[PDB]
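Just the one chain here, the form solved without the partner chain, laid out as structure tokens.
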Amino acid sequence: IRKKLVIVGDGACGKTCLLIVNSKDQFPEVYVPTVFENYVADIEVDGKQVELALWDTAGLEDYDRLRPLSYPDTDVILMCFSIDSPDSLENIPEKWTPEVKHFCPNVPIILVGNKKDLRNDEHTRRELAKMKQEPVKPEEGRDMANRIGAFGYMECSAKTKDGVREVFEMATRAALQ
């Protein structure tokens, strides 16, 4: 069984790192903005054997006209924000859902909060407190998931691996149904 996954979301919100930790076990050393990229992951869910094509896309506006070339015939979308960036969550209904809904109107969406390891990070909390902000709360992520009609809401850390497996298990289930 082959299924296609496309990952989207604000620049630097952790998309590439999430695909790599899942499919190569290594955590990339240098932050390099994505143009486009492809990876493959073999996953097994409910005794079903699945070869998941992972289509990585650009968060940078520089590449907005390129990103839609990745959408044909998608089976599941991972729509991401970073827990260290409340504005990246605000941009989910502003830009990511409108775009996905247009190109892939009925494809299931998993809303994914990345960088969970930064929720309790002192530097992050101090930096955001300067703007009278704080890390995204799980309740806020889950509210947004409901608002946009996502299949599910998941949090993870590519850095520590917490929750990564479950994101891809959920995405595969979604892709199969």
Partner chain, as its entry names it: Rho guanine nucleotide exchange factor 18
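Numbering follows the first chain given and starts at 1.
Here the subject shifts to the form deposited with the partner chain bound, a form of this protein not shown in this document.
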Query raised in the report: Taking 4.5 angstroms as the cut-off for heavy atoms, does residue 143 touch the partner chain in the deposited complex?
Result: no
Query raised in the report: So in the deposited complex, does residue 39 come within 4.5 Å of the partner chain, heavy atom to heavy atom?
Result: yes
**Report entry** Contact test in the deposited complex: residue 129 vs the partner chain, heavy atoms, 4.5 Å
**Finding:** no
Query raised in the report: Heavy atoms within 4.5 Å of the partner chain in the deposited complex: does residue 51 have any?
Result: yes
